[PDB]
There are 2 protein chains.
Amino acid sequence: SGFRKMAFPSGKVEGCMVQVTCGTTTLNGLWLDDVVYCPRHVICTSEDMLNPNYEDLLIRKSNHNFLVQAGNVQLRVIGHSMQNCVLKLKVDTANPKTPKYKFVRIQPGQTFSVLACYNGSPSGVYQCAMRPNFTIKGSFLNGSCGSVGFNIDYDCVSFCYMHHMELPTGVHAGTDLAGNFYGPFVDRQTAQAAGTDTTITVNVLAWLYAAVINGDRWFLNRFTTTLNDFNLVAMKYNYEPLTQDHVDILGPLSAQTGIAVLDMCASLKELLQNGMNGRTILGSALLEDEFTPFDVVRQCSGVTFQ
Amino acid sequence: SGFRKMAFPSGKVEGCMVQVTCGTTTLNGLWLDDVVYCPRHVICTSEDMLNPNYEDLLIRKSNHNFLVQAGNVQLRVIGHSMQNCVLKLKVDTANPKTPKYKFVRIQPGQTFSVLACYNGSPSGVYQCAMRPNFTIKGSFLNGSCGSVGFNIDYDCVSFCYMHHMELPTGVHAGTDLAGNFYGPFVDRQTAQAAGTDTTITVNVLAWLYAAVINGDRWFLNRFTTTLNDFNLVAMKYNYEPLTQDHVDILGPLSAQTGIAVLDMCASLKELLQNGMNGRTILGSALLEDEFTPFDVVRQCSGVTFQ
Ligand SMILES: *[C@H](O)[C@H](C[C@@H]1CCNC1=O)NC(=O)[C@H](Cc1ccco1)NC(=O)[C@@H](NC(=O)OCc1ccccc1)C(C)C
Ligand SMILES: *[C@H](O)[C@H](C[C@@H]1CCNC1=O)NC(=O)[C@H](Cc1ccco1)NC(=O)[C@@H](NC(=O)OCc1ccccc1)C(C)C
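Residues numbered from 1 in each chain as written, not as in the entry; some residues may be left out. Chains lettered and ligands numbered in written order. Heavy atoms only, no water.

Our focus in this paragraph is the site of ligand 1. Residues and elements named next belong to chain A. The environment of ligand 1 is made up of 20 residues, and the closest members are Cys145, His163, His164, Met165 and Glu166. The backbone of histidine 164 places a nitrogen or oxygen atom 3.0 Å from a nitrogen atom of ligand 1. Here ligand 1, which alone exposes 770 Å², has 76% of that area covered by the protein. With four residues, the single largest contributor to the shell around ligand 1 is strand β12 (residues 156–166). For the shell around ligand 1, the residue count by class is eight nonpolar, nine polar and three charged. (Near = heavy atom within 4 Å. Polar contact = N/O pair within 3.5 Å; in protein donor to acceptor, adjacent residues only side chain to side chain. Areas by Shrake-Rupley, 256 points an atom, 1.4 Å probe, with all protein chains shown as cover. Helix = DSSP H or I, 4+ residues; strand = E, 2+ residues; numbered from the N terminus. Nonpolar A, V, L, I, M, F, W, Y, C, P; charged D, E, K, R; others polar.)

Looking at the assigned domains, one finds that chain A contains domain 1 (11–91) and domain 2 (201–300). Each of domain 1 of chain A and domain 2 of chain A was reduced to a C-alpha centroid, and the two centroids are 43 Å apart. (Domains from an automatic or database assignment.)

This part covers helix α3 (residues 201–213) of chain B. It helps to recall that an α-helix has 3.6 residues per turn; residues three or four apart then point in one direction. Residue and element names in this part refer to chain B. If you check α3, its first and last C-alpha atoms are 19 Å apart, about what 13 residues at 1.5 Å a residue would give, namely 18 Å. Along α3, twelve of the 13 residues are buried, which leaves the element largely enclosed by surrounding structure. Among all positions in α3, only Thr201, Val202, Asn203, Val204, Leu205, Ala206, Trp207, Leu208, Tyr209, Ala210, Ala211 and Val212 are buried. Along its buried surface, α3 packs onto α4 (227–236), α5 (244–249), α6 (251–257), α7 (261–274) and α8 (293–301). A positive backbone phi angle near 90° is found at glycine 215, which sits one or two residues after α3. (Expected span 1.5 Å × (residues − 1). Buried < 20%, exposed > 50% of the residue type's maximum accessible area, 1.4 Å probe, protein only. Contact = heavy atoms within 4.5 Å.)

We now examine the state of the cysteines. Within this structure, the stated rule accounts for zero disulfides over all chains. Take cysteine 117 of chain B: it sits in no disulfide, and the sulfur closest to it among the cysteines is that of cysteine 16 of chain B, at 10 Å. The thiol of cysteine 300 of chain B is not disulfide-bonded; the next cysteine sulfur, from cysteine 128 of chain A, is found 16 Å away. (Disulfide = S-S within 2.5 Å.)

Before going further, it helps to examine the relation of the copies chain A and chain B. With an RMSD of 0.1 Å, the operation that places chain A on chain B is a rotation of 180° combined with a shift of 0.0 Å along the axis. What we have between these two chains is a two-fold relation. In terms of proximity to the rotation axis, the leading residue of chain A is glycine 11 of chain A, whose C-alpha is 1.9 Å off the axis. (Least-squares fit on C-alpha atoms.)

Let us look at the sheet that holds strand β4 (residues 67–70) of chain B. Residue and element names in this part refer to chain B. On the basis of which strands lie adjacent, the open sheet formed by seven strands has the order β5-β4-β1-β2-β3-β7-β6 and antiparallel pairing. The open sheet has two free edges, formed respectively by β5 (73–75) and β6 (77–83), since each of these has just one partner strand. Adjacent strand axes in the sheet meet at a mean angle of 30° when their direction is disregarded. In terms of strand pairing, β4 meets β5 through three bridges, oriented antiparallel. Each residue of the ladder has a partner; that of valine 68, found in β5, is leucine 75. (Pairing = 2+ DSSP bridges. Axes fitted to C-alpha atoms, helices over the stretch in contact; angles between N-to-C directions.)

See below:
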């Protein structure tokens with residue numbers, strides 16, 4: 001027992017991290033087979049950052065302009081192209097540590113592990129969620145661009161996120177691995193506001209189940225509600241509406257705890273309108289929303305990955 | 001910017017994990033060079049669990065009684081011995097994925113990453129701390145014993161923790177890699193109470209600095225205090241005394257933020273006597289105590305590991 005913000009083990013991803021240097025810019029890249037993926041704003045210069053034309057800037061460049069370190073092994077660029085906001089550097093050596101992988105686009109509310117990297121070297125791993133406003137609340141410093149977010153399915157790494165930029169509120173923005181931003185952001189140093197965030201209701205419910213599974217249960221009750229009446233309350237407190245689809249994903253946890261989903265909704269409703277009143281749940285004093293139902297089941301039942 | 005409970009990248013450790021099966025008991029082992037380390041209670045049986053005499057139980061086992069899975073490669077035990085509460089299984093193949101490593105014993109307050117494993121397969125990685133009562137608040141299921149905790153030092157894995165057992169309050173107890181338990185615990189299915197836990201003061205302060213470094217300043221004040229008067233208040237709030245040594249480790253953070261250590265102590269005192277009044281720090285509504293000063297410096301300046 002216990003419950004922790006758990007990341008996927010990061011070994012298959014560390015094997016894919018390289019350094020990409022172009023002009024004065026150094027960021028990380030993801031080396032899979034003979035392709036190195038990285039943010040196209042690597043091609044920018046300090047005065048290019050404002051409103052660049054990347055098509056102009058990219059055609060402006062040669063294969064030799066891209067320095068790619070795989071440690072002390074320098075990879076030679078034999079071609080390059082741009083797919084949306086990612087640059088694809090074709091190199092003459094296929095990464096012998098390439099795992100089975102996919103490129104997936106995740107939906108808001110879903111979680112993933114991030115291997116924060118600098119200079120091609122992994123610095124740490126942590127769990128995040130795709131916020132409803134398509135930002136992520138991560139920990140990224142200058143140099144961390146090219147860092148990736150991923151889930152693992154048994155033996156397959158599902159890449160879902162690459163880091164690009166930090167918004168003024170301290171949150172972060174990036175792309176899937178096909179280069180399309182999550183949310184309405186663009187890779188330009190121009191004022192862009194994240195949009196109002198909201199709490200991922202289905203994830204709070206999942207975390208309340210993890211609590212019960214772990215013996216926290218001061219918060220339950222005899223009351224029930226209907227989806228409709230609960231969602232009137234979710235609007236008031238800035239929460240994602242709960243769908244019947246969401247109720248359906250919460251089935252397994254509901255059946256394991258023997259607490260109906262709409263009963264745990266009543267519980268969340270009382271927590272929302274009365275607060276926690278000095279007590280904690282799973283060591284937190286806030287309603288935690290960065291655990292999916294999958295996350296809870298996996299951790300509270302010991303799924304492993306090969 | 002941003003601040004997350006960040007684990008070390010776990011690749012070097014994943015390459016050392018094996019499955020150890022003896023009798024009806026399966027758990028994880030750590031395979032370094034030609035030695036496989038695992039909890040000695042692997043040699044227990046369901047009725048041996050009570051007050052066993054492991055010296056008796058061990059001399060009475062044979063090398064062939066130990067199944068060691070390195071994935072689908074079965075390792076042959078060629079010798080075994082017991083160092084305190086770990087079993088050291090000598091095998092005829094040295095792990096080709098052995099990293100530079102050290103066995104360290106950590107002090108209370110220090111942190112480490114845990115690679116939670118089942119059947120020799122990594123399930124997830126998370127950060128923990130050695131609580132002042134020598135438990136850890138981990139996430140551990142049946143089959144997880146033999147999972148290790150570790151820090152990384154540029155290229156060197158400092159192993160510090162091997163999981164053995166869960167205490168009734170849901171927390172976890174274990175040994176260093178030399179087999180000596182942390183705290184007054186023994187590997188016996190008998191009533192043992194963890195003892196009263198206390199908050200790690202030096203770590204709370206360091207996290208308050210992380211907050212400032214990240215722009216959470218809503219808790220600062222003009223007041224100062226002396227170590228004496230502050231410790232008088234740590235006393236009252238079940239906080240760990242602050243030493244002049246502790247004040248000295250916090251120097252670099254103090255210098256980088258321009259907030260004297262005893263000014264930050266005045267801030268913590270006010271947070272303790274008055275609560276946070278519905279506000280959060282670094283996205284927590286509690287005072288967080290599982291970031292060392294070194295964790296904050298690592299994360300707020302991007303230390304990498306090769
Ligand atoms: C890449 O390593 C780096 C990662 C950032 C740096 C600090 N924390 C991070 O996560 N990303 C950038 O420096 C990025 C370069 C770039 C060029 C074109 C698009 O991105 N720029 C940023 O992240 C900017 N953010 C930004 O432009 O946000 C909008 C904005 C608001 C106000 C005024 C101007 C722009 C930050 C470095 C500010
Ligand atoms: C090893 O995989 C397993 C991991 C545990 C199980 C669930 N979560 C974990 O972290 N460890 C054990 O099952 C361990 C075996 C053992 C043999 C000799 C010493 O330990 N036993 C436990 O963890 C016990 N805990 C325990 O004995 O605590 C004291 C106690 C309190 C009340 C009553 C009896 C004993 C649990 C399985 C109860």
